[PDB]
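**Student:** Below is one structure. I have some questions about it.
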Amino acid sequence: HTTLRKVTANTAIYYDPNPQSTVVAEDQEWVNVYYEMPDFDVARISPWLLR
Amino acid sequence: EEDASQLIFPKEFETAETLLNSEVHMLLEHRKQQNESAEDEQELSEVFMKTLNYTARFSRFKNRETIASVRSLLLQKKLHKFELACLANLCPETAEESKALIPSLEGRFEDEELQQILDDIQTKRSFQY
Amino acid sequence: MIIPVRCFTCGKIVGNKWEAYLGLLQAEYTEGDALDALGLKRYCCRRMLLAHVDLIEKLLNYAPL
Amino acid sequence: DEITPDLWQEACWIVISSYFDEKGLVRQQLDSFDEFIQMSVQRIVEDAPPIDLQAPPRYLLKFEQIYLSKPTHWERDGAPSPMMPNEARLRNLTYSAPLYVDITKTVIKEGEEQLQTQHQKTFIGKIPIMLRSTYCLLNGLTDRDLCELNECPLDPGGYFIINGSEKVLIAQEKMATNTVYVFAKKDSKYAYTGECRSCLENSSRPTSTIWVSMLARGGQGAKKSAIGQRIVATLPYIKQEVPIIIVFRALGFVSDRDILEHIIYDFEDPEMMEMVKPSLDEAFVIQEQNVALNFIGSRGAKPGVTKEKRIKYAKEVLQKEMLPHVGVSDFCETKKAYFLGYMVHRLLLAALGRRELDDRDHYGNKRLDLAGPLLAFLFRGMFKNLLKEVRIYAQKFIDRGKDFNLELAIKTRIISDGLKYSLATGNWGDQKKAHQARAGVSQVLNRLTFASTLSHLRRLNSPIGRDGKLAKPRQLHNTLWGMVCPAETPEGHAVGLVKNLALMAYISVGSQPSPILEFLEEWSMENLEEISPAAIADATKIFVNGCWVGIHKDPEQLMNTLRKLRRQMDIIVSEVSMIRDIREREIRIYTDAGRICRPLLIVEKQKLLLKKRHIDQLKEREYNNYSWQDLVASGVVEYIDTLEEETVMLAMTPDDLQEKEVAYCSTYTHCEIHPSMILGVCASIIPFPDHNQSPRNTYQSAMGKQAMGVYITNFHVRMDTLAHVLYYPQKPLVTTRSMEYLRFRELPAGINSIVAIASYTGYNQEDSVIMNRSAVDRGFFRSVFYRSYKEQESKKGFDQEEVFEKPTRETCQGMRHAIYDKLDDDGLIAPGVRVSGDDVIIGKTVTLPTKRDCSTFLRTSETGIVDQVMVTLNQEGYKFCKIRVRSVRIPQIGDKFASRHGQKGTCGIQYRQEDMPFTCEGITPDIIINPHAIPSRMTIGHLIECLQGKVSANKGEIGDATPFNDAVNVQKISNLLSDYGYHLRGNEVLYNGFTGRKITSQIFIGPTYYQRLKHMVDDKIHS
Amino acid sequence: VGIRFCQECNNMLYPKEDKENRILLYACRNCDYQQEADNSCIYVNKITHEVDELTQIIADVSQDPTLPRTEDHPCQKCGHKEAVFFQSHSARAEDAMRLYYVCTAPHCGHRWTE
Amino acid sequence: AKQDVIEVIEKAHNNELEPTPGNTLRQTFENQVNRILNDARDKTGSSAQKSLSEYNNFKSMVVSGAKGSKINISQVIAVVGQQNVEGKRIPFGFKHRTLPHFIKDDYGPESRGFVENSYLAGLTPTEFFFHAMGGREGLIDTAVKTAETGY
Ligand SMILES: [Zn+2]
Ligand SMILES: [Zn+2]
Ligand SMILES: [Zn+2]
C-alpha cells in the first residue's frame, strides 16, 4: 500500500489571476498546450492552485 | 453459591452502586465531621476508625475532581459496576494484570483497549511525594 | 579475629609465627623475606601470615565491663 | 614538572586516597542532611504564611528563628541529659535532638495600642539526627573518643536510629525540575509533549507541571485538516486543553506579532513560522487580553458565578499556579511569557526534527533526593498541620474573647511522631492524608557485612509511577559511567531498579544561586526585560536553575571567566555546574541539589594541570595541612555533572592523550583519574571484573552482601536480631587498590582456600563443592551466630500488667511444657548458661482477671549459649530487657559456599585430609570445585586469581587486582610462578588419597579467596 | 511561505482574494488595513523535506573540543588545514549518512559539504 | 575486521555506499558492519576450537557436549564479540557518542561496543561498560522470561 506522500516530493499553493497566467515559469511551457483544449473551462476558474 | 469471579452474588447488591476506597474516605470524613462537632454523641465505633485508616492508606486519588474524572471516564465504557470500583481500587499496572485479577474483564475487553484505560487511571492517581 | 593456631591445610603451627612476623616487618625486612625466616616453605602456610589481619587490636580499644 | 607514565599508576591512586580521606564514603548522606538541618529547616519556618485569627481581636503569630540543640534524653525527671547514639539502639528509642522555635505574637484589640510578647525557645518538637552529621554527638571526634562511647571508628554513619532500628533513606530518583523535555508517545491523541515541571527554590509551593502538547496530524476534519497541527497547552488548574497562543494574550501581549517574537527567534527561517500559523487560528477570535483571561477562566476547576470572577481566577492561576519558578509576583508577565515561548520554541525544534528528543533515561534529566531533600518535604507536612492545630485550638478560644496560651497551641506529637512514623514503617508522608504512601524508603540497614552496609547507604532507587513506567530504568544507560555502578544490581524481578552510587561519584548538596545571578549582571549579561526580542536570535541563552536570566552577547568569554571562577573557588562554588549546548546556543547553569557528579582531572592544551609538585604534596598529605580540597582550589580538578559530561571530552589515561600515531582527538578537556572507580562498593572488591562476565559481576554484588563476616568492631556491645561473625576473617591474597578505601581489608568477609579444580568421586555437580573435613576441624570456615531476644513488662491495662519473675507451676495456671530451671530469681537467664531446644530464656506473666504464662522460648531448636544480658527502661518508662543468644555453627554438607565471583556451591561432601588428593609436597586442597562450572557459570578470573594467589603466597606479596592495570597480565603472573619451582599455568600433580597412584590429569590448585554465605542448612532444618 | 504583519495592529495577514481587481492581497481581519502581495505564493510544503543542513549548522561549533577535527579537507576561503566535521543532527535526515565540514578559524564560520 | 569496518564507514561517509532496495542507508550500514564483526567472532572462534589439543580440558567438555559451548570457548580465547543492546549495537546515550571518551558521531568498533579482547586477555575500560550493558539486557530478559514462561 502506497500513499501520495511516499510518491510526492513537494507541494505548494500558488496564485494565478487568469487561467493563462501560470505564474510559475517552468511549467508554463507544458501547461499551455494541455490547457488549449477547453476542458472544464466552460466557465470561470478560481485563481488558486494546488501544484 | 456466590462467586465474584463469575459475577454471581445476592440480587440485592445489584441496585447498589460501588464506591472507591478514596471516595469512601470522603464519605467517612463527612460522617466524622458532623459527629465530632455537629452533635454531642458517643465516640465513633472502632469499626469506623479501622476502615478510615484502610481507605486513607489505600486512597489512590487526592481530591473529588480526580475521583470524578476516573468515575466518568470508566462510566462511558460498558464496565460493570462491580468492576468499576474493583479496577480503580486495584489500580492494575498493565492490561494483563487486570484480566488475571479480574476474570470478568477478559470476557468483553480486548488486550489493547483495556490497556488504554488502566494507563489513564495511572495519569490520575498520585503519590504523596 | 585472631591468628589461627595452625594451618588449615596441613596443620603446621602459625599462631606463634605471627608475633615474629610483625617484628620482622618493622625490622626493614621484606614481606616475603620474613616468611622464609619463620620457615614457611609451603604457600599454604605463607598465606596464613602474609594475608592475615589482626582485628583483636581494634576490639581491645573498647573498655571491658 | 610533569607526571611520567611510569609513575602515573602510583600518582593516580594517591589523589584518590586524598579524596576519600577528606570526603569519605557517606559524604553524600551527611551533606544533604546538613543542608536540610542548616537552611531548609530555617527556610520552612521563615517562609511560613502569617497566622491570622479573627472572629475585633486580631492575633498575628510569626516564627522568628529556629534553635537546635545537641541530642538529649528526657526521662521522667526531665533533665536534659546527653543521649549517646549507642544508648538509643540498646534502649530501643529514636536517636534525635530537640527542636526549638522563637514565636512572636502581635495582638491588637481595636484599641489603637499594639503590644507583643517574646517566647524564647518554644518547644516546637524534635528532629531525628543522622549519625556523624554536624548536629550529631560524634562529629569531629578522634578515633580514641569513639571507642570510649562504644562506637566503631570505622563505621561511616549516615543513618537514622528509630526505635532502635537503623534506617537508611534510599535515594529516590525524580525527574529534574525547571527543565523543558520533549518526548514522543504513540498512544496519546497528540503527537508531541511539551512536558516541563516547574518549581521554585528548594520548596515554596507544591510542584506544578504543564504539558504544552501539539495535536497529531492523524485526526481529520473540515477545519482541523486545513490548519492541521496546532499547539494546545493544558494549565495545572484548567481541566481542558487551552491553546498556548491565548495564554500569551492573558499575560498582556495582545499584539499577535509579540506572540511570534517570543516563540520564533529567527524570522528569516520560514519552516518554524508555518508551524505556528495554525495555532493562531484557534486563538484569533480572542483579541483582547480580558477576553483571553475570560476564556481561560471558563474551563477552570471552580468557575466563578459572576463574569468578573473568571478573569480573577485566570489571573491568579497564570500568575501563581503557572510557571512559579520564573516568577511568583504580579510584575513578571514579561519573564513568564519568554519562558512560555521557549517551551513552544523547544517543541518546534523537536517537531521539525532539527533537535533530538530528550532521552527519558538520561540521568541529567533526573534528580536524586537524599535524606535532606526527602526530610525537607516531610517537614512541611507536620509544620503545615502544626499551624492548623494552632489555628483550630485558638479558633474556639478567639471567638470567646479570651487570649489563648501558646504552650497548649503548639503540638509536639505531630512534629515528633510525624517524622518518626514514616522513618520507621517506611511509608512516606502522613498516614491520615488520603493518599498512597511511597513505600521502600528508610529500609532496615543491612549490618550482615561492612561492604553491604556501605552499599546500602549509597543505594539508589529508580523512579516509580508514570516516569519510571514509561522509561526503562532496568536497562543500563551510558550516563551511568562513573556515576552509578553498572555491575551492581539486585537479581530478581526488581533488577536494575535498585542500584548503588559510584565510589568517586557524589550527589550535589545544593547551594543558593544568588551569587551566580549577581555575577552576570555586572558583566555583559543583559536581562530580557531590557532587550527586545530581536536580540535573542544571535545571542546565547543563559539559564540559572532553569530560570530565564537573560541572553549573553559573547558566550566564549563569559564561560572562560565562569570556568576560572569555578576552579578558583570564587563566588561560584565548585559544586555548581555550567553546561554549554553549543549546537543550540544555550548555556545552562544548575545550582540546585540532587545533581550527581564525579571529579575529573582538567586537561589544558593536551597537558594535565596536575603536576609532580601536586603529587609530592599529596604524598605527604598528613601533618602538612594539605587535603583534597586544595586540589580543587588550585584548579587542577573540578566536577562534571551528567549534562556537562555531554559536552566534556574525556580520556581514560594520560598515555592516551600524551601522544598517538594517529590523533583520535587533539582536544582533550578532562582526563579520568582511573577507570576502575566506575565500580561500586561490591563490584570494586572483584579482581579482573573485565575478565569476568557481566552477569557474574552482578551475581557477586548480591552474594557479596549475603557473605558473612565482621561487619563492625563494636558488635559485642550492640544487640542485633541477626549478626554473623567469622572466626578468622583474613585479608585476601589478591586485593584491589580501591579495597583500601572501602576498609574491606580491615573487616573482610571470607577465608582464603587452596582450591584444586577437579572432579573427585563425582560428589560435586555444577552447583556443588567438596570441602576438607580436617580443615574445618581446624577452623576453616567456622562462624558465630547472634540472635537478640527483646521483651518488656508494660502496664498496658490497669487491671492486667506484665511482670518479670519465675513462672512457678503453682502460682501460674496456664503454661507450656518446658524446663524453667534456667531462669533466675529475676526471671532473666544469666549469661553463661547453655540453652538447647525448647527452653524459656525470659519469664513474663500476665495477671489476667492466677496468672497466664506468656514467656518467650527459643525461635529455633539450635543449641546456643547466652552471651550477654541487658536490662533497661524503654521510652515509656517500663522495664525492658534484651538478651543475645550466641550459638556456634560448624560448616557441614548443607552449608552454601560461594567464591568471590560465580554461583554459590553447596558443600557436596566433607573429606578427611587423608582422603583429599595430596600433591607432591603434601598439600591437600581445602576445597575442590567442579571443573564444569568454569565454562559458563564462572569466569577465567578464578583461574587467574588462583595463579595470582599462588604467586602472591610464594613471593610473599599481596597481588594487585586493578581491573584495568596493564602491568598485571596472565603471562606475567605465569612467569613469576615458574621462578618458585611451580608450573607456569599453576597445574600440579595431585595424588589421589584413596589410591596412591598418580592422577592422569594434572589438577590446577591455587589459593582462591572464598566467602561463606548466610544461607546455612542449620537454620533451615532447625526451623 | 513567509509571514507579514500589518502596521496598524501588528496582526496576522491571512491570504485574501478580491473578485473586482482579481489580485491576491494580504488583508487583516480586525483592522481594515490591507496590503498587496507581490510573491503571489501563499505557502509551500516539502513532503520529503530535503532541506540543506548547511544553513542549520552554527558556525560557533568550531571551538567545541568534543567534535572531531580532520585536516584532510581545508576551508575553501581560508586555506586553514584544520576543519571540524560531524554528521547531521536532524532526526529527519537520520536515515541518510553525510559529513558536514566547518572551518576552524576563529571568525570564518564557513560551512560546506563534500 | 577493524580495517574492513573503517572502509565501510568511509564508503558511507563519502556517500559511496549504496543502500539495498529492501533497506535504508542507516540500517544497511548497521547490517554490513554487524556481519563483519559477527563473521570475525565465528572465524576466530572456530580457529580456537581447532587450536585446542586432545589433552586440553576445554576441548574435552565441548567435544563430549556435556557442559559449555563452542561460543563460550570463543569468548575466553579468541574474542568476546559484539555486545548488542536491544537487538542493536550500543546506542548513543550521550550526544551522538556512546561514551564521553569517543568522538561525536563515532561508529567504529570500539565506540559502538565491539569487544575485541577475550576474557583471558582482559577487556578495556570502555569494553567493560559495554559488556555490562549487554549483560544487563540478558538479566532483565531472564528475569521476565521465567515470570512469563511460568505463567
Ligand atoms: Zn600449611
Ligand atoms: Zn491588522
Ligand atoms: Zn575558513
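Identifiers in this document derive from the order of the C-alpha cells: chains are assigned A, B, ..., residues are numbered from 1 separately in each chain, and ligands are numbered from 1 in order of occurrence.
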Need the shell around stretch 46-49 of chain A: protein/DNA/RNA residues with any atom at most 9 Å away, counting only C-alpha atoms. Skip same-chain ones fewer than 3 positions apart. Format as a compact mmCIF listing (two decimals) with N, CA, C and O atoms, in the first residue's frame?

**Tutor:**
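Result file result_27.txt:
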```
# COMPACT_ATOMS: atom_id res chain seq x y z
N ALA A 12 2.77 22.99 -3.13
CA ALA A 12 2.59 24.40 -2.84
C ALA A 12 1.27 24.87 -3.41
O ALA A 12 0.70 24.22 -4.29
N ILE A 13 0.78 26.00 -2.90
CA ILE A 13 -0.45 26.62 -3.36
C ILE A 13 -0.07 27.98 -3.93
O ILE A 13 0.17 28.93 -3.18
N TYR A 14 -0.02 28.07 -5.26
CA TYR A 14 0.31 29.31 -5.95
C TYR A 14 -0.96 30.03 -6.38
O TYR A 14 -2.05 29.45 -6.43
N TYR A 15 -0.80 31.31 -6.71
CA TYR A 15 -1.91 32.16 -7.13
C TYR A 15 -1.72 32.55 -8.59
O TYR A 15 -0.65 33.03 -8.98
N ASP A 16 -2.76 32.34 -9.40
CA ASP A 16 -2.76 32.74 -10.80
C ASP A 16 -4.06 33.47 -11.11
O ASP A 16 -5.14 32.86 -11.07
N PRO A 17 -4.02 34.77 -11.44
CA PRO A 17 -5.27 35.53 -11.62
C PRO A 17 -6.14 34.98 -12.73
O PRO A 17 -7.31 34.65 -12.51
N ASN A 18 -5.59 34.87 -13.94
CA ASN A 18 -6.32 34.35 -15.08
C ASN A 18 -5.81 32.96 -15.45
O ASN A 18 -4.69 32.59 -15.11
N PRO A 19 -6.63 32.16 -16.13
CA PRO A 19 -6.20 30.79 -16.46
C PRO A 19 -4.92 30.74 -17.28
O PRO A 19 -4.15 29.78 -17.15
N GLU E 17 -8.53 36.98 -1.37
CA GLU E 17 -8.67 37.21 -2.80
C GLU E 17 -9.89 38.08 -3.06
O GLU E 17 -10.97 37.83 -2.52
N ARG E 22 -9.19 41.18 -9.07
CA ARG E 22 -8.59 39.88 -9.35
C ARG E 22 -7.11 39.87 -8.98
O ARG E 22 -6.25 39.45 -9.76
N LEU E 24 -4.52 38.97 -5.53
CA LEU E 24 -4.39 38.44 -4.18
C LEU E 24 -3.67 39.45 -3.30
O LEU E 24 -2.55 39.86 -3.62
```

**Student:** Mind running chain E against chain A at 7 Å and telling me each contacting residue's nearest atom pair with the distance in Å (one decimal), counting only C-alpha atoms, chain and number ascending, as a Markdown table?

**Tutor:**
```
| residue | atom | partner | partner_atom | distance |
| --- | --- | --- | --- | --- |
| E:22 | CA | A:17 | CA | 5.9 |
| E:23 | CA | A:17 | CA | 6.5 |
| E:40 | CA | A:15 | CA | 5.3 |
| E:41 | CA | A:14 | CA | 4.8 |
| E:42 | CA | A:13 | CA | 6.0 |
| E:43 | CA | A:12 | CA | 5.9 |
| E:44 | CA | A:12 | CA | 4.2 |
| E:45 | CA | A:11 | CA | 5.2 |
| E:46 | CA | A:10 | CA | 4.1 |
| E:47 | CA | A:10 | CA | 5.1 |
| E:48 | CA | A:9 | CA | 5.5 |
```

**Student:** How about saving the chosen residues, C-alpha atoms kept, as a tab-separated table (two decimals), in the first residue's frame?

**Tutor:**
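Listed below is the output, part.tsv:
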```
chain	number	residue	atom	x	y	z
E	22	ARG	CA	-8.59	39.88	-9.35
E	23	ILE	CA	-5.44	40.39	-7.27
E	40	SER	CA	1.88	35.52	-5.42
E	41	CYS	CA	2.67	32.48	-3.25
E	42	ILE	CA	0.68	31.51	-0.16
E	43	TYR	CA	2.87	28.73	1.24
E	44	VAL	CA	4.99	25.72	0.30
E	45	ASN	CA	5.36	22.26	1.82
E	46	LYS	CA	8.26	19.89	1.09
E	47	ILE	CA	6.94	16.40	1.80
E	48	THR	CA	10.42	14.87	1.59
```

**Student:** Would you mind listing, as a list in words, all residues of chain D that have at least one atom within 9 Å of chain B, where only C-alpha atoms are what counts?

**Tutor:**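 For chain D, the answer reads residues 187, 301, 374, 377, 378, 428, 429, 430, 431, 432, 433, 434, 435, 436, 437, 438, 465, 466 and 469 of chain D.
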
**Student:** Print the selection's residues with C-alpha atoms to a file, as a PDB file, in the first residue's frame.

**Tutor:**
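Saved to again.pdb:
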```pdb
ATOM      1  CA  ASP D 187      -0.590   6.289  22.467  1.00  0.00           C
ATOM      2  CA  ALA D 301     -11.736  23.902  38.141  1.00  0.00           C
ATOM      3  CA  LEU D 374      13.319  13.952  51.386  1.00  0.00           C
ATOM      4  CA  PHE D 377       9.334  17.711  52.037  1.00  0.00           C
ATOM      5  CA  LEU D 378       8.187  15.762  55.101  1.00  0.00           C
ATOM      6  CA  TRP D 428       6.490   8.167  53.369  1.00  0.00           C
ATOM      7  CA  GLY D 429       4.265  11.043  54.433  1.00  0.00           C
ATOM      8  CA  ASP D 430       1.378  11.294  56.858  1.00  0.00           C
ATOM      9  CA  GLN D 431      -0.980   8.340  57.233  1.00  0.00           C
ATOM     10  CA  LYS D 432      -4.072  10.486  57.850  1.00  0.00           C
ATOM     11  CA  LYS D 433      -3.880  12.132  54.425  1.00  0.00           C
ATOM     12  CA  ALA D 434      -5.964  10.252  51.850  1.00  0.00           C
ATOM     13  CA  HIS D 435      -3.154   9.175  49.526  1.00  0.00           C
ATOM     14  CA  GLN D 436      -0.821   6.279  48.719  1.00  0.00           C
ATOM     15  CA  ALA D 437       2.448   6.445  50.646  1.00  0.00           C
ATOM     16  CA  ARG D 438       5.704   5.709  48.821  1.00  0.00           C
ATOM     17  CA  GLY D 465       4.931   5.767  38.725  1.00  0.00           C
ATOM     18  CA  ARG D 466       4.419   7.241  35.266  1.00  0.00           C
ATOM     19  CA  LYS D 469       6.828   3.107  33.900  1.00  0.00           C
TER      20      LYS D 469
END
```

**Student:** In Å to one decimal, how far is atom CA of residue D:318 from atom CA of residue D:293?

**Tutor:**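 Separation between atom CA of residue D:293 and atom CA of residue D:318: 9.3 Å.
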
**Student:** Quick one, how far is atom CA of residue D:45 from atom CA of residue D:381?

**Tutor:**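 Atom CA of residue D:381 lies at a distance of 12.3 Å from atom CA of residue D:45.
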
**Student:** Name the residues, by chain letter and number, that sit within 7 Å of ligand 1 using only C-alpha atoms and all ligand atoms, and give them as a PyMOL selection string.

**Tutor:** chain C and resi 7-12+42+44-45

**Student:** Identify, counting only C-alpha atoms and all ligand atoms, the protein, DNA and RNA residues located within 8 Å of ligand 2, and give them as a ChimeraX atom specification.

**Tutor:** /E:5-13,27-34

**Student:** Identify every residue of chain D that has at least one atom within 8 Å of any atom of chain C, counting only C-alpha atoms, and report the result as number ranges by chain.

**Tutor:** D: 144, 147-148, 150, 713-714, 726-733, 745-747, 754, 774-776, 778-780, 922-926, 950, 953-958, 1007

**Student:** Select from chain E every residue with an atom at most 12 Å from any atom of ligand 3, then for each give the shortest pair of atoms and their distance in Å to one decimal, using only C-alpha atoms and all ligand atoms, rows by chain and rising number, as a Markdown table.

**Tutor:**
```
| residue | atom | partner | partner_atom_place_in_ligand_line | distance |
| --- | --- | --- | --- | --- |
| E:59 | CA | ligand 3 | 1 (Zn) | 10.2 |
| E:62 | CA | ligand 3 | 1 (Zn) | 10.4 |
| E:73 | CA | ligand 3 | 1 (Zn) | 11.1 |
| E:74 | CA | ligand 3 | 1 (Zn) | 7.9 |
| E:75 | CA | ligand 3 | 1 (Zn) | 4.7 |
| E:76 | CA | ligand 3 | 1 (Zn) | 6.5 |
| E:77 | CA | ligand 3 | 1 (Zn) | 5.4 |
| E:78 | CA | ligand 3 | 1 (Zn) | 4.1 |
| E:79 | CA | ligand 3 | 1 (Zn) | 6.8 |
| E:80 | CA | ligand 3 | 1 (Zn) | 6.5 |
| E:81 | CA | ligand 3 | 1 (Zn) | 9.3 |
| E:82 | CA | ligand 3 | 1 (Zn) | 9.4 |
| E:83 | CA | ligand 3 | 1 (Zn) | 8.5 |
| E:84 | CA | ligand 3 | 1 (Zn) | 10.8 |
| E:101 | CA | ligand 3 | 1 (Zn) | 10.3 |
| E:102 | CA | ligand 3 | 1 (Zn) | 7.6 |
| E:103 | CA | ligand 3 | 1 (Zn) | 4.4 |
| E:104 | CA | ligand 3 | 1 (Zn) | 6.7 |
| E:105 | CA | ligand 3 | 1 (Zn) | 5.5 |
| E:106 | CA | ligand 3 | 1 (Zn) | 8.5 |
| E:107 | CA | ligand 3 | 1 (Zn) | 7.7 |
| E:108 | CA | ligand 3 | 1 (Zn) | 4.5 |
| E:109 | CA | ligand 3 | 1 (Zn) | 6.2 |
| E:110 | CA | ligand 3 | 1 (Zn) | 5.3 |
| E:111 | CA | ligand 3 | 1 (Zn) | 8.4 |
| E:112 | CA | ligand 3 | 1 (Zn) | 10.1 |
```

**Student:** Could you work out which residues of chain D fall inside 7 Å of chain F? Count only C-alpha atoms, and format the result as a short mmCIF file (atom, residue, chain, number, x, y, z; two decimals) with C-alpha atoms, in the first residue's frame.

**Tutor:**
```
data_model
loop_
_atom_site.label_atom_id
_atom_site.label_comp_id
_atom_site.auth_asym_id
_atom_site.auth_seq_id
_atom_site.Cartn_x
_atom_site.Cartn_y
_atom_site.Cartn_z
CA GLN D 475 18.27 -1.16 31.26
CA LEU D 476 21.83 0.07 31.74
CA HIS D 477 22.37 3.50 30.18
CA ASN D 478 25.61 5.14 29.09
CA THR D 479 25.23 8.01 31.57
CA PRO D 486 26.88 -0.85 36.26
CA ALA D 487 27.65 -4.33 37.61
CA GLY D 492 15.16 -10.89 40.52
CA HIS D 493 12.08 -9.09 39.27
CA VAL D 495 16.59 -6.00 38.58
CA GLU D 645 29.57 15.49 30.60
CA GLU D 646 27.64 15.61 27.32
CA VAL D 648 33.12 17.45 28.06
CA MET D 649 35.71 15.27 26.33
CA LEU D 650 37.30 12.54 28.46
CA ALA D 651 40.47 10.46 28.30
CA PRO D 675 38.57 3.98 35.08
CA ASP D 690 36.75 -7.22 32.91
CA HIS D 691 37.95 -10.82 32.64
CA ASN D 692 34.65 -11.78 34.30
CA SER D 694 28.69 -9.19 33.37
CA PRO D 695 26.04 -11.45 34.99
CA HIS D 932 32.41 -27.98 34.66
CA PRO D 935 32.96 -22.70 31.25
CA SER D 936 29.64 -20.91 31.75
CA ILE D 940 38.56 -17.21 33.94
CA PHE D 964 42.36 -2.08 34.09
#
```

**Student:** Expressed in Å to a single decimal, how great is the separation between atom CA of residue D:854 and atom CA of residue D:831?

**Tutor:** 21.8 Å

**Student:** Using DSSP on the backbone, list every residue of chain E that comes out as helix (DSSP H, G or I), and give them as an NGL selection string.

**Tutor:** :E and (59-61 or 92-95)

**Student:** Would you put the residues from that selection into a file with C-alpha atoms, as a short mmCIF file (atom, residue, chain, number, x, y, z; two decimals), in the first residue's frame?

**Tutor:**
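The result, written out as again10.cif:
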```cif
data_model
loop_
_atom_site.label_atom_id
_atom_site.label_comp_id
_atom_site.auth_asym_id
_atom_site.auth_seq_id
_atom_site.Cartn_x
_atom_site.Cartn_y
_atom_site.Cartn_z
CA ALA E 59 29.47 28.46 12.99
CA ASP E 60 30.24 28.58 16.72
CA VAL E 61 30.78 24.79 16.82
CA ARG E 92 14.62 13.79 9.60
CA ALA E 93 18.00 13.22 7.90
CA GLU E 94 18.94 10.44 10.35
CA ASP E 95 18.17 7.91 7.60
#
```

**Student:** Could you pull the residues within 7 Å of stretch 1-5 of chain B, counting only C-alpha atoms, minus those fewer than 2 positions along the same chain, as a ChimeraX atom specification?

**Tutor:** /B:7-9,102-104

**Student:** If we count only C-alpha atoms and set the cut-off at 12 Å, which residues sit around residue E:97, ignoring sequence neighbours fewer than 6 positions away in its own chain? Please answer as a list in words.

**Tutor:**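 That gives residues 86, 87, 88, 89, 90 and 91 of chain E; 9, 10, 11, 12, 13, 14, 15, 16, 17, 18, 19, 24, 25, 26, 27, 28, 29, 30, 105 and 107 of chain F.
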
**Student:** Produce a file of the selected residues containing C-alpha atoms, as a PDB file, in the first residue's frame.

**Tutor:**
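Writing done, so here's selection16.pdb:
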```
ATOM      1  CA  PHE E  86      30.317  15.806  12.069  1.00  0.00           C
ATOM      2  CA  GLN E  87      27.154  14.047  10.945  1.00  0.00           C
ATOM      3  CA  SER E  88      23.686  15.532  10.543  1.00  0.00           C
ATOM      4  CA  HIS E  89      21.958  16.196  13.863  1.00  0.00           C
ATOM      5  CA  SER E  90      18.468  16.381  12.322  1.00  0.00           C
ATOM      6  CA  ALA E  91      16.209  13.412  13.038  1.00  0.00           C
TER       7      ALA E  91
ATOM      8  CA  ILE F   9      32.386   3.692   7.330  1.00  0.00           C
ATOM      9  CA  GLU F  10      34.487   5.613   4.804  1.00  0.00           C
ATOM     10  CA  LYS F  11      32.232   4.471   1.955  1.00  0.00           C
ATOM     11  CA  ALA F  12      29.151   5.685   3.833  1.00  0.00           C
ATOM     12  CA  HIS F  13      30.939   8.892   4.850  1.00  0.00           C
ATOM     13  CA  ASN F  14      31.685   9.675   1.190  1.00  0.00           C
ATOM     14  CA  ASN F  15      28.198   8.513   0.087  1.00  0.00           C
ATOM     15  CA  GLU F  16      29.863   5.756  -1.959  1.00  0.00           C
ATOM     16  CA  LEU F  17      27.883   3.028  -0.186  1.00  0.00           C
ATOM     17  CA  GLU F  18      24.605   2.158  -1.909  1.00  0.00           C
ATOM     18  CA  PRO F  19      21.623   1.018   0.197  1.00  0.00           C
ATOM     19  CA  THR F  24      17.616   2.199   4.084  1.00  0.00           C
ATOM     20  CA  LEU F  25      21.129   3.631   4.220  1.00  0.00           C
ATOM     21  CA  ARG F  26      21.331   3.891   8.015  1.00  0.00           C
ATOM     22  CA  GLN F  27      20.009   0.361   8.546  1.00  0.00           C
ATOM     23  CA  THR F  28      22.054  -1.044   5.655  1.00  0.00           C
ATOM     24  CA  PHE F  29      25.263   0.333   7.175  1.00  0.00           C
ATOM     25  CA  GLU F  30      24.391  -1.257  10.522  1.00  0.00           C
ATOM     26  CA  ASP F 105      29.115  10.520  15.699  1.00  0.00           C
ATOM     27  CA  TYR F 107      30.526   4.409  14.508  1.00  0.00           C
TER      28      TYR F 107
END
```

**Student:** Could you list, as a ChimeraX atom specification, every residue of chain D that has an atom within 10 Å of an atom of chain E, counting only C-alpha atoms?

**Tutor:** /D:254-260,267-274,277,280-281,284-285,287,349-357,555-556,580-585,646-650,663-669

**Student:** Find the residues around residue D:761 up to 12 Å (only C-alpha atoms counted), leave out those fewer than 6 positions away in its own chain, and share them as a compact mmCIF listing (two decimals) with N, CA and C atoms, in the first residue's frame.

**Tutor:**
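Writing done, so here's around-v7.txt:
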```
# COMPACT_ATOMS: atom_id res chain seq x y z
N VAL D 769 30.26 -28.29 45.77
CA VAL D 769 31.68 -28.16 46.09
C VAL D 769 32.02 -29.19 47.16
N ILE D 770 33.28 -29.61 47.18
CA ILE D 770 33.78 -30.61 48.12
C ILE D 770 34.73 -29.90 49.07
N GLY D 908 29.16 -30.41 48.84
CA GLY D 908 28.63 -31.73 48.50
C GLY D 908 29.05 -32.81 49.48
N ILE D 909 30.32 -32.78 49.90
CA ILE D 909 30.84 -33.80 50.81
C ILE D 909 32.05 -33.22 51.53
N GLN D 910 32.29 -33.71 52.74
CA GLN D 910 33.45 -33.34 53.54
C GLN D 910 34.37 -34.56 53.63
N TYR D 911 35.62 -34.39 53.24
CA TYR D 911 36.61 -35.46 53.22
C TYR D 911 37.73 -35.15 54.21
N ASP D 915 41.80 -38.54 52.77
CA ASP D 915 41.04 -38.82 51.56
C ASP D 915 41.23 -37.75 50.49
N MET D 916 41.61 -36.54 50.87
CA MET D 916 41.77 -35.47 49.90
C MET D 916 42.99 -35.75 49.01
N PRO D 917 42.97 -35.27 47.76
CA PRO D 917 44.11 -35.51 46.86
C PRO D 917 45.32 -34.65 47.20
N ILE D 928 37.51 -28.42 46.86
CA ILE D 928 37.54 -28.90 45.48
C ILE D 928 36.24 -28.48 44.82
N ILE D 929 36.34 -27.79 43.68
CA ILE D 929 35.17 -27.33 42.95
C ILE D 929 35.06 -28.10 41.64
N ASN D 930 33.85 -28.11 41.08
CA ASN D 930 33.60 -28.86 39.86
C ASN D 930 34.21 -28.12 38.66
N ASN D 992 45.87 -39.12 44.34
CA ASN D 992 44.57 -39.45 44.91
C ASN D 992 44.74 -40.04 46.31
N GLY D 993 43.90 -39.58 47.24
CA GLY D 993 44.03 -40.03 48.62
C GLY D 993 43.75 -41.51 48.78
N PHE D 994 42.69 -42.00 48.13
CA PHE D 994 42.31 -43.40 48.28
C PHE D 994 43.35 -44.33 47.67
```
